[PDB]
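*Asks:* Starting off with a structure, shown below.
Ideal geometry is used to build each Cβ from the backbone, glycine not excepted, and the neighbour counts take in all protein chains shown. Derivation of every value follows stated rules applied to the coordinates shown; laboratory data play no part.
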Amino acid sequence: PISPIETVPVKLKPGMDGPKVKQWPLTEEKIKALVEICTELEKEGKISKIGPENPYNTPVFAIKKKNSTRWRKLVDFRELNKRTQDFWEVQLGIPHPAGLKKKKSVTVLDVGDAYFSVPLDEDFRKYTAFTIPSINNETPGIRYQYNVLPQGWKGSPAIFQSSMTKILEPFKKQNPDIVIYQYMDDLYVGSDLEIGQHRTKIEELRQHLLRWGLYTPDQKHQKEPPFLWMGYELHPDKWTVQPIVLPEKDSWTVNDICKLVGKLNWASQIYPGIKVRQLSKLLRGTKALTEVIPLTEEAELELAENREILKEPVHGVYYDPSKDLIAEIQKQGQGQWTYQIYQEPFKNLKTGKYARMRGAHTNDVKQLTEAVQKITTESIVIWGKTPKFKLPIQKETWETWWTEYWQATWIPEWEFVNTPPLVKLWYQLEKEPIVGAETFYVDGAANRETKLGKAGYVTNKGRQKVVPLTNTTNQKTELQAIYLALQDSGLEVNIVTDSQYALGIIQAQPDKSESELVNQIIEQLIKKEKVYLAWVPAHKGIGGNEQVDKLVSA
Amino acid sequence: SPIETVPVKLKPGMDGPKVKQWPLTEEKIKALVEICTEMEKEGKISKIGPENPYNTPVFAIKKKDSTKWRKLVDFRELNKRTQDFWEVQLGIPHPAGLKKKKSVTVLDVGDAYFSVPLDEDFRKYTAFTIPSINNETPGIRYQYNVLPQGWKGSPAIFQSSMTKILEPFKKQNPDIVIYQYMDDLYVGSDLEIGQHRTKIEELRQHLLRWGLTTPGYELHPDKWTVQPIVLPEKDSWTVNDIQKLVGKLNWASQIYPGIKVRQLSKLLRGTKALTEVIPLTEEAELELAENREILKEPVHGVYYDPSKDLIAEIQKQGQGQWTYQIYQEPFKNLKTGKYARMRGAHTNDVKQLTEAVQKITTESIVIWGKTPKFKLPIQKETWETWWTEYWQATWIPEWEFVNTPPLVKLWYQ
DNA sequence: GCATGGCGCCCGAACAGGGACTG
DNA sequence: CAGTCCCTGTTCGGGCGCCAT
């Protein structure tokens, strides 16, 4: 059982000692289902009793497995982890079933009590001492050290995962033609072989582990479409997620909504169109998990429609390295994006969902750029290639973008899929001044101690309009001036301001916003058919701006 | 194979790298495994576990012409810590007149560092992980035994070795200077190109004698001339045009203290129309020429100082053209450069940017021998995604991200 | 006086840096 | 000018999802 592999040298963070925290009272039933576990372990050599010379103790509990029958011995080394060297994890992005290639025969096997078979570092066992009470708490019980790999240490999985790699290495060299997906103690095996040699190879692998101290109970796949791997259902040609059961209760709490959103996000994989922009809009605010909160009218709309899409039964498809890869994206709600990635016209590999506000004043193509780079840097992780795209955008819409923009951008091989809504840059500023338009000179100002301020403009034909301000900001005032010029002007306008800030946001030609004011400035911009906007020094001898600065006084 | 282990004195309290490893494509992923196995077999790199609290990322390059995947370690972070070592104790001198040549060539002396073996204590810090596709398996972990490819300390150690290796060529050619930086030689001569390119292939054999075979390209520092700021000239001067022209003429005020704009703005007094044409006066033309002449000689009162990092800033310009600057202190510029497109059929912002950076970096080394932090006119996300797919160099600079747009029709172009 | 690791989503707290105003 | 205030954008931590112990 123990001593097949080498022990990894672990040290305690320099300066510190070990854990000296008393064990807390436990449920009376758990203890009798725990002591029943500690003795079976000491029997196999996993644990060993000690003497009073060991001044270290660390709390322990227990919890039923995913079945409810067998339990799980968990220890709370939270005070140790703060004293154990900072390992570097070896586990990366979890594997994904849409990245799997079709193999004629496949089976998966699982190791029983895998943490309890890797020899723990020698001189470190002395800090894993837990003290178990008797039955009625009359006299102190037994106290053994975790002779084997613990269960709640600082980097417990890092050591196991690493050791598991070295043990499978030799078998990979002799058999570098078969597929092996080792995630923890769970590994997916399979190749384009045949029943005979396959099953022999399986026995060849079981016995390879068996000799390495890795006993695998008859709990391996039976070679049917019902394949439980990484919480899914791997059929021979199709694949679906873990039969998902959405929670439905009259009233909801902050916590109960969390347990839903994350459960909903998990279904974003195979299920297309699933969104939670609003459903989450309720998570805003420093809330406590138990706090009761009523669903919004828009939130009850999503949760009702999402409850129906999950009712619909769907399946994904497996990856083929010969065929081309195309990722089709489309826009959905305000700031919402859902995408389906496929290779066959109808068979999808994995659908997705992008919904973020990258900045205060974005844009639809600006969001689409990043909605592309999010699928790329996630398509590279599953497959080492960046796929082709089916974007809902006209080729002239994009060409005009990165030609009049300052921050460099770019998107790979894409086409134009005509599926509403089709993303478009609505308005557009003019590069050159317009003739026969009123030349609005706009500027604003605000006081730092009173917080009130005046914002206004003047023109060439003698046009003045300045108003007060309750609680505004110097930078905000300048923005207000620009707003005025868009209400008091025709379809053709000329505007000049002393603020880059002001200039900035418009220049970028934005669509959405989170300033209300700015979300409004665009409303006008969209309508005005020809607009031009120039800049000029603030406190300078410039003409026009000379007087409007004088007008926002006091 | 040679010598003994050189002791690397790292800064007290300072801890090593901890950069995570970023996903890679099958093209580079498959190119890297073997690359390591070969180094594993030849005992250049060992294999380690999670016991190691340190890391650094890795990726595969494929420079033009050659079809040999070079393995590059992003020691970008590790070097800043060992700066005491490869700057003070083991400093590689820089030849003042290296930049004053008619041609210099890039030599790839990478593999020449796998000779000397690394300190045992310091070996710990140089670890790296190689990711599996879709996490087929937990990324394997390795460590370095012999001098690394990229580290800036590799050639601070090899420095003793390398000078004796080039003893004959340098001693018998007093008109040919050389500069060693990271993993790339810098040989610059003065004579004709046909009688130069032959001196290179001849220098390749000298090194090939003691095990260096890695085929570079031409580049002449004399070709580089400064491009200040051009004040446009037109017949019809509209108010709009005088507006922008003062703006540009205002930025110039911070760089040149002799810039006058008063007289010029005096003709804009009073709220006037924008398209309305205005005729230039006598005192306005006495300044339009006064400014256009003062905008010739660089900013007096500015010198180079290695005591402060080097900073690079780039601004897109369009048509595929780009323009950049190189300064020590704000507005006290060192080189006012300009970049041209590689022509047509390659309409890509990212590729040109990565190219521009290398084409700037190169001139940083050559000229002074440092590397500038690039205020990059692109989004952290938009770059971290293809900054490799178009990279063809054995060095990685420090950088940051600027998002602020140009003001007055770009103060330069 | 109720555990670990990995990746993911979402969100407000903290930290950072650049431009414009002020005694 | 050194010191304040705004505004934006990036990075951190916390809880949940799922996988595994």
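*Asks:* Could you sort out which of B:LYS335/B:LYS375; A:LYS366/A:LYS395; A:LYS46/A:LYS82; A:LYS30/A:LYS249; B:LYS68/B:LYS124; B:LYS244/B:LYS272 sit more than 20 Å apart by Cα distance in this structure?
*Replies:* Beyond 20 Å: A:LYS46/A:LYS82; A:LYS30/A:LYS249; B:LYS68/B:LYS124.
*Asks:* Based on the mean of other beta carbon atoms within 10 Å per residue, what is the order of B:294-303, A:354-363, A:278-287, most packed first?
*Replies:* Per-residue Cβ counts within 10 Å, averaged per peptide and sorted highest first, yield A:354-363, A:278-287, B:294-303.
*Asks:* What angle, in degrees between 0 and 90 and rounded to the nearest 10, separates the Cα long axis of helix A:35-44 from the longest principal axis of the Cα atoms of chain A?
*Replies:* Helix A:35-44 sits roughly 70 degrees off the main axis of chain A.
*Asks:* Express as a percent, rounded to the nearest 5, the fraction of DSSP beta bridges in the protein assembly as shown (both residues included) that run antiparallel.
*Replies:* If I count the DSSP bridges inside the protein assembly as shown, around 75 percent turn out antiparallel.
*Asks:* OK, next. Provide the FRET efficiency to the nearest 0.05 for the A:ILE135-A:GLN174 pair, computing r from the beta carbons and using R0 = 45 Å.
*Replies:* 0.30
*Asks:* Given Cβ point charges of +1 (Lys, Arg) and -1 (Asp, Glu) and nothing else, what value in debye, to the nearest 20, does the dipole of segment A:17-93 about its Cα centre take?
*Replies:* 300
*Asks:* While we're looking at this one, here's another question. Residues in segment A:323-344 near a label at B:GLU26, defined as backbone nitrogen under 16 Å from the 7 Å Cα→Cβ point?
*Replies:* Output list for this probe position: A:323-327, A:342-344.
*Asks:* I need the calculated FRET efficiency for the pair A:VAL261 and A:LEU429, taking r as the beta carbon distance and R₀ as 30 Å, to the nearest 0.05.
*Replies:* For A:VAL261 and A:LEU429, the calculated efficiency is 0.15.
*Asks:* Something else about it: Give the residue from A:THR107, A:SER3, A:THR39 lying farthest towards the positive end of the charge dipole for segment A:1-141; charges sit on Cβ (+1 for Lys and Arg, -1 for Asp and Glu) and the dipole is referred to the Cα centre.
*Replies:* A:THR107
*Asks:* So how much slack lies between A:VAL35 and A:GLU492, counting 0.36 nm per residue of separation and subtracting their Cα-Cα distance, in nm?
*Replies:* Taking A:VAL35 through A:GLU492 to full extension adds about 156.0 nm, to one decimal.
*Asks:* Compute the distance from the alpha-carbon center of segment A:297-370 to that of segment A:118-176, in whole Å.
*Replies:* 42
*Asks:* On a 0 to 90 degree scale, rounded to 10, what angle separates helix A:195-212 from the longest Cα axis of chain A?
*Replies:* Approximately 80 degrees, to the nearest 10.
*Asks:* Treat every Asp and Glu Cβ in segment A:427-554 as -1 and every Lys and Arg Cβ as +1, leave all other atoms uncharged, and give the resulting dipole magnitude about the Cα centre to the nearest 20 debye.
*Replies:* It works out to roughly 260 debye.
*Asks:* Ok, one more. If you rank B:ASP65, B:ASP235, A:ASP511 by fewest surrounding Cβ atoms within 10 Å, what's the result?
*Replies:* B:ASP235, B:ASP65, A:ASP511
*Asks:* Under the rule a/c < 1.5 gives rounded, and otherwise a/b versus b/c splits prolate from oblate, where does the protein assembly as shown land using the Cα gyration tensor?
*Replies:* oblate
*Asks:* If you don't mind, there's one more thing I want to ask. Which value in deg cm²/dmol, rounded to the nearest 500, describes the helix-derived mean residue ellipticity at 222 nm for the protein assembly as shown, given -39,500 (n - 2.57) per DSSP H run of n ≥ 4 and division by the residue count?
*Replies:* Calculated from helices alone, the mean residue ellipticity at 222 nm is -8000 deg cm²/dmol.
*Asks:* Moving on. Once the other residues with Cβ under 11 Å from the Cβ of B:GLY320 are scored (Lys, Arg +1; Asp, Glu -1), what is the net sum?
*Replies:* That works out to +2.
*Asks:* Which angle between 0 and 90 degrees, to the nearest 10, do you get for helix A:299-309 versus the longest principal axis of chain A when only C-alpha atoms count?
*Replies:* 50
*Asks:* What list do you get for A:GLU36, B:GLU313 if you sort them by fewest beta carbons within 10 Å?
*Replies:* By the 10 Å Cβ count, ascending, the order reads A:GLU36, B:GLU313.
*Asks:* Could I have the simple spin-label model distance between B:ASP235 and A:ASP320, label points 7 Å from Cα toward Cβ, reported in nm to one decimal?
*Replies:* 6.7
*Asks:* Could I ask something else about it? Which of the chymotrypsin sites (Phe, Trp or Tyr not before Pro) found in segment A:367-464 are in a DSSP loop and have at most 15 neighbouring Cβ atoms, other than their own, within 10 Å?
*Replies:* A:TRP426
*Asks:* Enumerate the residues in segment A:87-108 having an amide nitrogen under 19 Å from the point lying 7 Å beyond the Cα of A:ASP186 toward its Cβ.
*Replies:* Under cut-off, by backbone N: A:90-101, A:106-108.
*Asks:* Evaluate the distance, in nm, between pseudo-label points positioned 7 Å from the Cα of A:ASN447 and of A:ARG284 along their respective Cα→Cβ axes.
*Replies:* 3.3
*Asks:* Let a ≥ b ≥ c be the square roots of the eigenvalues of the Cα gyration tensor of segment A:427-554; is it rounded (a/c under 1.5), or, if not, prolate (a/b larger than b/c) or oblate?
*Replies:* Oblate, since a/c reaches 1.5 and b/c is not below a/b.
*Asks:* Please average, across the residues of B:400-411, the number of beta carbons from any other chain that are within 10 Å of each residue's own beta carbon, and give a whole number.
*Replies:* Taking the mean over all residues of the peptide, I get 3.
*Asks:* Multiplying the sequence separation of B:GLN254 and B:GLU384 by 0.36 nm and subtracting their Cα-Cα distance, what value in nm do you get?
*Replies:* 43.4 nm
*Asks:* Could you put B:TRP395, B:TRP210, A:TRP535 in order, starting from the residue whose Cβ has the fewest other Cβ atoms within 10 Å?
*Replies:* Least to most surrounded, the residues fall as B:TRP210, B:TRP395, A:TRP535.
*Asks:* 7 Å from Cα along Cα→Cβ at both B:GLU40 and B:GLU297: what's the point-to-point distance in nm?
*Replies:* Between B:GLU40 and B:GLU297, the label points sit 6.5 nm apart.
*Asks:* Compute, for segment B:305-413, the length of the dipole vector about the Cα centre, with Cβ point charges of +1 (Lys, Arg) and -1 (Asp, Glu) only. Units Debye, rounded to 20.
*Replies:* Computed about the Cα centre, the dipole is about 420 debye.
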